Amino acid sequence: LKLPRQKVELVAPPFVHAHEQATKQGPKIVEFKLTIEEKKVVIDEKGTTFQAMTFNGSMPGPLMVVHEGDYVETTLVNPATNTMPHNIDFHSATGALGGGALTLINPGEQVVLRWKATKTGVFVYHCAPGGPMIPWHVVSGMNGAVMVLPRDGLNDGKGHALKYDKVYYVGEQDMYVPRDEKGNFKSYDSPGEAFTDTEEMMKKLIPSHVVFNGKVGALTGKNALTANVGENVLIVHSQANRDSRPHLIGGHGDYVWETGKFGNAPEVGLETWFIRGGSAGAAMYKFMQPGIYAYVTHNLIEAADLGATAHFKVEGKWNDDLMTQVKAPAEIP
Amino acid sequence: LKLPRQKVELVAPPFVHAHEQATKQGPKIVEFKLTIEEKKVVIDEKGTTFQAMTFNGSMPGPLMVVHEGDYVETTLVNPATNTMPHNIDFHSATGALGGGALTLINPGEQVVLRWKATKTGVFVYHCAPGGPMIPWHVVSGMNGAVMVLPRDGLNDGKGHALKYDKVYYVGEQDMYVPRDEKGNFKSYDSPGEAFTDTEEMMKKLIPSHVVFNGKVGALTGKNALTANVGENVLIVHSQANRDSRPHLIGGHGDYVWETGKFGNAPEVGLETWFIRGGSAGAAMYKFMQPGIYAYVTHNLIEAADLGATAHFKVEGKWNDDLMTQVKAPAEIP
Amino acid sequence: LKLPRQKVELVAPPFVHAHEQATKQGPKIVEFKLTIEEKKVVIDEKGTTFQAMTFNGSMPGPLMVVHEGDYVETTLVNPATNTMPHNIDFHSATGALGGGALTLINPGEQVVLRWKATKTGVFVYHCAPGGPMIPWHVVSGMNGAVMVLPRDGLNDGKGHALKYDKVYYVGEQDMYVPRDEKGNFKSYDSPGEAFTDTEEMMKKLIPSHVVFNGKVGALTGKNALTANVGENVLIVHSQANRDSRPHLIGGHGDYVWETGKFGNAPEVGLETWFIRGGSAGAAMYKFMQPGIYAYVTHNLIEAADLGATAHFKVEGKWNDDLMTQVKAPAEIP
Ligand SMILES: OC[C@H]1O[C@](O)(CO)[C@@H](O)[C@@H]1O
Ligand SMILES: OC[C@H]1O[C@](O)(CO)[C@@H](O)[C@@H]1O
Ligand SMILES: OC[C@H]1O[C@](O)(CO)[C@@H](O)[C@@H]1O
Ligand SMILES: [Cu+2]
Ligand SMILES: [Cu+2]
Ligand SMILES: [Cu+2]
Ligand SMILES: [Cu+2]
Ligand SMILES: [Cu+2]
Ligand SMILES: [Cu+2]
């Protein structure tokens with residue numbers, strides 16, 4: 001395979017490594033490295049801990065971006081400091097269980113997989129060792145996404161280019177943290193030690209936490225997402241195990257690929273869209289008003305009570321034509 | 001803003017205030033009033049009670065109907081007879097959390113919000129005070145919908161008008177009523193008193209009841225929906241918090257906007273469609289056969305056992321070409 | 001009704017009786033017989049038993065295949081060896097609750113229903129006796145599907161024929177098996193005896209098992225699905241009560257009708273699709289790589305832990321352009 005090679009420096013979510021939308025480049029071999037890290041993390045503002053397993057140290061794993069017809073060459077590394085075997089499966093790839101059947105590595109090993117990016121869209125990647133370990137590694141955090149762009153960039157299905165000013169990757173994670181008799185969340189010394197209680201809970205299908213970027217409140221405060229009035233923002237949303245229903249509170253999905261695949265035209269003007277468990281989708285919005293927005297799953301219990309809220313802070317001029325407070329709160333006459 | 005003003009007299013669901021589909025009117029300021037009512041109601045045929053919170057006294061709140069480019073001016077009233085602050089957020093509107101950030105009112109206050117109807121479709125509106133109160137006010141009943149019609153009326157995406165003879169609004173409500181030790185549903189003296197037990201249940205994500213129009217059996221008997229053979233009926237369906245899968249038993253969705261937005265063409269000939277939690281959708285059907293139909297969510301446990309069944313009673317002539325009982329029940333030969 | 005009659009010999013899922021895609025035949029009366037069987041079956045590899053109720057002895061019931069404008073004439077038989085009344089409702093049919101209101105039969109009776117196939121697609125059929133019996137009979141196994149093909153066969157929405165080399169029918173069943181105090185699954189002597197415990201569990205909305213073709217591992221081993229590289233395979237997927245999110249691990253949905261209705265163009269290049277509870281959908285894929293694939297619902301807990309995994313074994317030549325292991329597992333340098 002005699003094509004040019006290009007290295008990518010991955011960046012942690014919700015940011016996305018620099019890339020072209022439309023490109024004059026032809027196919028390349030695009031090189032990525034992912035290093036697995038098992039670690040105990042804090043997932044809420046109460047201090048609840050969680051035995052996480054991650055690609056590159058983050059939940060979600062970083063977004064990889066390539067173009068149709070590129071070859072994606074990933075070096076997957078499982079350092080000896082980890083305890084379990086791992087692998088990687090790309091929903092964008094064809095054959096061998098998405099790559100999982102060619103990438104099983106013990107602690108202390110690495111492997112190099114290449115796949116051709118023949119399908120456009122956003123796609124999940126995740127670990128999938130085998131059997132009951134599959135769901136457990138996924139819901140422990142071992143999932144991310146890849147975006148395969150058309151070489152002409154995105155379009156609206158009517159001949160017009162859609163160009164985003166910025167892209168964010170929101171990875172949503174369903175987490176299953178057991179409770180003790182008195183009702184407090186349990187802590188564990190290792191992923192192995194967490195397994196029996198965690199599996200019992202998993203099979204009841206109700207998460208204790210549903211978070212963006214790994215933690216309640218991760219995408220708030222200093223880490224709110226940002227935009228300006230006038231900017232077109234692409235929001236890639238993934239969920240490797242469980243459905244979600246994204247919604248931008250105060251905005252819309254101007255152009256939405258809820259099934260996430262760019263061979264299909266986007267839908268327009270949505271209020272709420274739907275990410276099937278095991279998939280990524282994408283929505284574009286051009287901001288029209290300044291201020292705070294919340295980006296949620298619109299099961300509001302999950303959003304407000306289980307963790308699944310991000311914020312945007314948007315700068316610019318208020319548009320009184322679009323919305324105005326005609327009369328401020330006052331006593332009823 | 002120097003446009004003509006038009007008042008609307010809202011009507012209780014499942015009915016919809018009179019309106020034009022295609023119109024020669026230009027943009028107007030369309031005036032609506034919503035008066036919040038907290039009240040204890042009965043939600044099933046066993047006499048289970050529920051601490052409801054409502055717009056205009058109903059679950060769902062009434063359907064508001066306007067046209068693209070209208071300005072919607074709502075007077076939201078929170079009488080002093082209520083106990084909590086409330087607001088309103090319109091998924092159809094742009095900015096300020098859908099209006100919620102401009103409409104927070106204490107008991108004894110009112111506020112007037114105006115928003116421009118720049119997106120066509122059916123959309124949820126709901127209360128969203130802040131934080132954990134958001135899901136609680138929604139699942140207590142504080143949600144409804146608005147329909148923003150194209151000025152040329154609805155179309156099939158192929159150049160042909162779709163005109164409905166009648167429209168119904170089915171609002172679906174997931175309710176969380178705790179049980180006591182012996183397993184009976186609990187009753188509470190106030191919404192505040194219901195809150196701790198109700199929140200604990202909410203976060204487990206399983207409703208005790210799933211109802212249309214506020215109560216088991218609301219849209220049955222004297223209050224069945226009606227049609228005649230030959231009539232094209234639009235059914236708007238909303239669910240502000242939780243997914244639903246509508247189905248007309250014995251019929252179809254001839255033209256369905258499951259994501260609910262008229263900038264997208266309808267899908268045709270569906271058996272079951274999908275309303276994402278946090279959205280409204282719409283389906284049109286031209287009745288071909290007389291008799292009873294059930295309109296359900298097609299999780300049949302929720303439909304038959306938790307409350308989510310409506311009926312249509314349809315008049316007209318039976319069509320033996322479409323369906324016939326060739327041989328009535330008889331002993332096996 | 002003076003049309004030619006054609007008998008079909010139904011076959012057990014996941015196979016599908018022989019049929020034409022595009023046809024030069026005009027409308028016919030196509031004759032099917034379904035014989036209800038209540039029986040206790042084993043549903044997992046641990047030996048858990050289940051009080052099943054079936055059409056033709058299988059879960060799902062067999063796939064019926066006809067063309068648009070055919071008349072489907074079904075003889076439904078409820079032998080005296082059964083204990084309960086049953087009926088049949090076709091989501092493909094118009095009127096009388098899909099046929100249910102014309103087909104209620106006691107043990108020892110049969111009935112003959114005819115309906116005109118005016119809507120194209122794949123559709124659920126199921127028993128629906130009335131009231132709380134509706135969900136119980138469905139989740140006990142009394143559901144299958146029918147496929148109504150265009151007379152010109154399937155198309156891609158752009159003027160091109162899609163022709164499948166083979167079709168499989170995957171029926172997914174949510175099952176509710178109660179547990180005793182110590183946590184073992186219960187066994188029952190009759191469906192009637194299982195009813196009280198089973199209904200209590202049903203209304204909590206969480207299945208104990210989610211299976212394809214009636215049992216954990218049914219579509220594995222000797223009974224794996226098969227294909228060759230180059231073959232275009234149609235996979236019809238139904239779920240009469242509960243949502244599913246199909247995914248072909250290592251493949252894609254090349255052409256997908258997730259709402260299942262052929263009057264709509266397929267979506268292309270999907271990773272995961274969505275079957276609404278109460279519906280059937282269909283996906284086509286042309287295999288490009290040999291080896292084992294898993295076909296799952298991509299709630300991986302349900303797939304790996306509750307039963308919902310099938311396999312394909314695919315013959316042919318590996319394509320190193322599409323995917324290759326560049327470097328086998330090795331020690332990290
Ligand atoms: O945006 C993608 C869509 O746009 C088109 O290329 C042009 O309408 C379609 O063929 C494709 O499905
Ligand atoms: O029905 C709405 C749809 O109809 C069209 O106007 C004409 O095909 C499309 O542009 C739009 O998406
Ligand atoms: O595949 C079905 C689709 O294909 C067409 O016939 C041609 O584009 C559409 O009218 C229909 O929705
Ligand atoms: Cu792993
Ligand atoms: Cu996967
Ligand atoms: Cu409120
Ligand atoms: Cu909302
Ligand atoms: Cu039955
Ligand atoms: Cu049904």
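Residue numbering restarts at 1 for every chain, and letters A, B, ... go by the order of the sequence lines. All ligand and atom numbering here is 1-based and tracks the order in the structure. Every heavy atom of this structure was used, including side-chain atoms; hydrogens, water molecules and symmetry mates were not.
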Exercise for the section: Return yes if a side-chain donor-acceptor contact under 3.5 Å exists between A:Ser140 and A:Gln51, otherwise no. Expected result: no
Problem - Sub-6.0 Å ring centroid separation between C:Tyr285 and C:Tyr255 - result: no
Practice task
Determine whether the side chains of A:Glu172 and A:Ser238 contain a donor N or O and an acceptor N or O closer than 3.5 Å.
Solution key: no
Practice task
Would you kindly say whether B:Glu38 and B:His86 are connected by a side-chain donor-acceptor distance under 3.5 Å?
Solution key: yes
Problem - Pair A:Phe90 and A:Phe123, ring centroids less than 6.0 Å apart - result: no
Problem - Protein residues having a heavy atom less than 4.0 Å from any atom of ligand 1 - result: A:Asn155, A:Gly157, A:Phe262, A:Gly263, A:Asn264, A:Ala265, C:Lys158
Completion exercise
Protein N/O/S atoms closer than 2.8 Å to the Cu ion (ligand 4), ordered by chain and number, come to A:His86 ND1, A:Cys127 SG, A:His137 ND1, A:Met142 SD
Exercise for the section: Just say parallel, tilted or perpendicular for the rings of B:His91 and A:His247, cut-offs at 30° and 60°. Expected result: tilted
Practice task
Indicate yes or no: at least one non-hydrogen side-chain atom of A:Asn241 is less than 4.5 angstrom from one of C:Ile301.
Solution key: yes
Problem - No-hydrogen, no-angle side-chain donor-acceptor test under 3.5 Å, A:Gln173 and A:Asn143 - result: yes
Practice task
For the residue pair B:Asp197 and B:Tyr176, confirm or rule out a side-chain donor-acceptor distance under 3.5 Å.
Solution key: no
